[PDB]
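Cβ placement follows ideal geometry from the backbone for every residue including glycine, while neighbour counts extend to all protein chains displayed. Each value in this text was obtained by applying a stated rule to the coordinates, not by laboratory testing.
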Amino acid sequence: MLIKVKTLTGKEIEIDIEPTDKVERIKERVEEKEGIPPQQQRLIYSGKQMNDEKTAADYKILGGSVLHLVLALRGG
Amino acid sequence: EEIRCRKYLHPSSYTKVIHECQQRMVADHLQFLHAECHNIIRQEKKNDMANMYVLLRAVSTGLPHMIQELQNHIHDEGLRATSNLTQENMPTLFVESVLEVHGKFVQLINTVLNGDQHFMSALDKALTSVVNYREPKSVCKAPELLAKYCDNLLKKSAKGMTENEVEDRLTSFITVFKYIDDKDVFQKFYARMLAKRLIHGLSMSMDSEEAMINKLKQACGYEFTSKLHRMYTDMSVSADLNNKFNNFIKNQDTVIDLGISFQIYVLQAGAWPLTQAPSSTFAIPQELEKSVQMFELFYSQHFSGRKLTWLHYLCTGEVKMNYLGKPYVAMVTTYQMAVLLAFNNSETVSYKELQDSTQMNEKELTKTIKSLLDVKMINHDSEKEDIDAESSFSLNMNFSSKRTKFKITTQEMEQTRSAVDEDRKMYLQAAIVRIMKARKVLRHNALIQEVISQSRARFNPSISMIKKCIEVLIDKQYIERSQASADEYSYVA
Amino acid sequence: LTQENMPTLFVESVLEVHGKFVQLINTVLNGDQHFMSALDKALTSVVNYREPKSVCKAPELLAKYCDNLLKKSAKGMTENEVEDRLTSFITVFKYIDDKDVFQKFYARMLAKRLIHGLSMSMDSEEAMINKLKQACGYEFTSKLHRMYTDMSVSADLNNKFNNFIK
Amino acid sequence: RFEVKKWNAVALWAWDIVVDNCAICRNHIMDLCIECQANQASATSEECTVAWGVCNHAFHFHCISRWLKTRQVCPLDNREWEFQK
Amino acid sequence: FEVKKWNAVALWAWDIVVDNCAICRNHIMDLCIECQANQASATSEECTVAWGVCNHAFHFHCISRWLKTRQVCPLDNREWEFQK
Ligand SMILES: [Zn+2]
Ligand SMILES: [Zn+2]
Ligand SMILES: [Zn+2]
Ligand SMILES: [Zn+2]
Ligand SMILES: [Zn+2]
Ligand SMILES: [Zn+2]
């Protein structure tokens, strides 16, 4: 499922991850289009940040939505 | 051997000794050199490719294998430089990458390899493969990317692109454009995004459009830019046409005032890709009836024997408000104006009632009403989520806009460009600090290559902003400069 | 130019001028796009030279040269050499600026070069049509290609007719 | 009172005594098909959309459908038919 | 005399379509509609096709009557120049 996560300037990120896809690498695909490496896009799932596997069903399994991500560096 | 044969021979043997020397020292070890062709070309051994070409040119069949190897290397470099790119900056990055490959390899051929014609033909045969390279079971991408590149370079953008610089950009763009396999598809796109770029006044200059047309009038036939040119000669004349119309207003027979500026854009029929309205029968609003019926007279006398077809889905009007306080003027199409016509005398307008004033079928009526309610200038009187044949509507008086001439979806180019350029700086912060986790110490000039290599599949970064953005990392206490070496950098983490 | 062999000599002359100067452009002047653009403008004016109140000879001359190269000739020109000439010929054909008349002449002398059998080889026309289709779009060689296609079918069409007699 | 100020209207002009026609039906291209003017005029009608292809020729959809029954090429230039504008 | 082989050529066109001098909207190979009237006085010899640079075919009478009051080809707005 394609995502419409907002960014630092109202951009979009295409996760292309289904609701059963874990957010451990789902944020990497969203940040692949934007440019950020996998373990740097500390995305906020409308109230919390995904940790470890973090299957997308935890974040209400929303389709697309708008996930404002943090630009937290040095997290690699 | 050249010096020796010059010293001790008659001139008639000045070319047979060197020929028979190469046939026992190069042409006899030809397979041994052709095995090293791969390593000499793929690694770009510039000092050694010159000796390679000098040795191989003398022998008979030495060159073709090196020609094939350079063609394969250019093919693989073109694929590597055009494998994965952003979906947002796809046109400009692709065109500049192809031009970069072409310029680099033509410099390499003309310096190292004496600019041999066969090597240039190999370069062209490889760039032809890489430019119109298509994924299996998919349509080729080169025509639409180059058409969008022309659009971006000719749009009224805020990149600070001067006329001379964009002329240079188009003259360099013809280099990649000549590699398109199907230019009749590129002209299908370029004549379509020249309709939008040039019927909305969106072209940055009506001379660069002519220059770009004339750069295809000579890169292809005249018939190629025969519809491209009949558009540009429809908008230049249309400026004269409006003046002639306002002078026909001054015929001094009766009072022929309209109440509308009516800045017409009469176009040719077959030239413009604008499909004549295949549906959506329309009734002209009572305010535009005078303008339509008198321009019909003017185009009947001053240009006899023509039949206007009156496209309505690219018209645009400026209508004021109905004294609702803080009046605004709306830039909407005529589709979004007849729905505001019966809306005037009656505040409560049913879906059935406007069929007697707008006369337009529900196919696009729902679309235009949805586009209105997206910004919400009109609202459903009932609670029905969709639009049915028995709907009702009235004014959303609570709606307000920050602009009197507020935009409707069909100086913002400066703000959008800065926001787009901000993501470039934002990614550059999100690229430097990864090296600090890799080696923790990098030089002033070496960090440029690491950042660019981190953004090869992305925008091409500016060298000045690399220094500018890395200074933002200093006062953020992320990284800092050591006083011993200005090139060496240290960071707190 | 010698009026008997004006096409080939003219094309060779303009081609060698382009080659010599493009060698001079980037071996000496670092090959700026400005200087290459100057070369392009200058050679465009050179090839499009016409006496006043007289039509330009360049489209007809290049059509004649390409017809001569593609003609079934007794000079024994091999297919590789003629293909190399055609690859180098486009460097001249690019500068015509009146290519809508060149196709009128090329199609006019491809009709003679197809019915009479004067073609060097049937697979050498595809080495020229595809070098103008790729260089000027498909709509340029939409009648050149439909003239060639009627040859790749006619013999087969004859094999669909003689059997029709049997 | 809603009042308009300016109208940036557009209009394609065509020669009055040069009429474009669907090359198969030989009727007016914006008008009905020959089968839509004889059989399905009363029954259904209002479905004779002008077909467009890579050939860039204007055809009635019913006419081009009847043409594509046994032969594929466009009936003005013998090109391949893709009906994709 | 007798013939062993003759190599005939033959242009082929669909009968559903026809090349038309669109000013008169009549057949290119047939007579123009203005010489269809008062045909007794007209010898029909001068009714030749007047091909222009546009690769367009028209009746000579129709295209000349067009050029008498207009200046462009009636299928595309290009300046008319006679070719053959
Ligand atoms: Zn039809
Ligand atoms: Zn029909
Ligand atoms: Zn056709
Ligand atoms: Zn006629
Ligand atoms: Zn006549
Ligand atoms: Zn014409």
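Structure notes:
- Helical contribution to [θ] at 222 nm, DSSP H n ≥ 4, -39,500 (n - 2.57), averaged over chain B, rounded to 500: -16500 deg cm²/dmol
- Spin-label model, B:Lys320/B:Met413: points 7 Å from Cα along the beta carbon direction are separated by 3.1 nm.
- In region A:1-74, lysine pairs closer than 14 Å at Cα, eight or more apart or cross-chain: 10
- Average beta carbon contacts from partner chains per residue of B:301-311, 10 Å cutoff: 4
- Cβ crowding within 10 Å averaged over residues, with B:333-344, B:427-438 ranked highest first: B:333-344, B:427-438
- Cα gyration tensor shape for the protein assembly as shown, rounded if a/c is under 1.5, else prolate or oblate: oblate
- Compared with the alpha-carbon gap, the fully stretched path from B:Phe248 to B:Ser350 is longer by 32.7 nm at 0.36 nm per residue.
- Order of C:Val47, B:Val112 - criterion: other Cβ atoms within 10 Å of each residue's Cβ, fewest first: B:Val112, C:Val47
- In chain E the longest region clear of chymotrypsin sites (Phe, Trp or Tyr not before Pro) that are loop-assigned by DSSP and have at most 15 other C-beta atoms within 10 Å covers E:15-50.
- Of B:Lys250/B:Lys320; B:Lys370/B:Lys407; B:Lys137/B:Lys183; B:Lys159/B:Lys407, pairs whose Cα-Cα distance is over 24 Å: B:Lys250/B:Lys320
- Rounded to 0.05, the FRET efficiency of the C:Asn158 and C:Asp84 pair, given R0 = 45 Å and the Cβ-Cβ distance, is 0.85.
- Electrostatic dipole magnitude of region B:30-144 [Cβ: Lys, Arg +1; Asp, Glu -1; Cα centre; debye, to 20]: 180
- Computed from the Cβ-Cβ distance with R0 of 25 Å, the FRET efficiency linking B:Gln68 to C:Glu126 stands at 0.70.
- Charging the Cβ of each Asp and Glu at -1 and of each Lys and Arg at +1, and nothing else, the dipole of region A:1-74 about its Cα centre rounds to 320 debye.
- Reported to the nearest whole Å, the Cα centre-to-centre distance from region B:216-249 to region A:2-73 is 50.
- Fewest-first ranking of C:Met122, B:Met377, C:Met36, using other Cβ atoms within 10 Å as the exposure measure: C:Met122, C:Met36, B:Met377
- Per-residue average of Cβ from other chains inside 10 Å of B:411-420: 1
- Relative to the Cα centre, the charge distribution of chain B, modelled as +1 at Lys and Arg Cβ and -1 at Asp and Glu Cβ, gives a dipole magnitude of about 1280 debye.
- Chain A: GluC sites (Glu not before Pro) in DSSP loop, at most 12 other beta carbons within 10 Å: A:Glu53
- B:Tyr491 long-range amide H proximity, modeled H, under 5 Å: B:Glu480
- Structure note, pairs B:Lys188/C:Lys99; B:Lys141/D:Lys69; B:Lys244/E:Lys68; C:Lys94/E:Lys68; B:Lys363/B:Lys405: Cα-Cα distances above 26 angstrom occur for B:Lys141/D:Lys69; C:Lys94/E:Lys68; B:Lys363/B:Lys405.
- Distance from the Cα centroid of region C:42-73 to that of region B:375-407 is 66 Å (rounded to whole angstrom).
- Linear extension gain, D:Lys69 paired with D:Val19, 0.36 nm per residue minus alpha-carbon span: 15.3 nm
- What the Cβ-Cβ distance of B:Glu364 and B:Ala484 gives, at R0 = 60 Å and to the nearest 0.05, is a FRET efficiency of 0.25.
- Whole-angstrom gap from region E:13-84 to region B:130-190, using each part's C-alpha centre: 40
- Spin-label pair B:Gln107-B:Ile18: with each label point 7 Å from Cα along the Cα-Cβ axis, the two points sit 3.1 nm from one another.
- Peptide-level mean, for B:264-273, of C-beta atoms on other protein chains within 10 Å: 5
- The simple spin-label model puts a point 7 Å past each Cα toward its Cβ; for B:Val441 and B:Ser60 those points are separated by 6.1 nm.
- Three-way shape label, region A:1-74, alpha-carbon gyration tensor, a/c 1.5: rounded
- Sum of -39500 (n - 2.57) over DSSP H runs of 4+, divided by residues of chain D (222 nm, nearest 500): -2500 deg cm²/dmol
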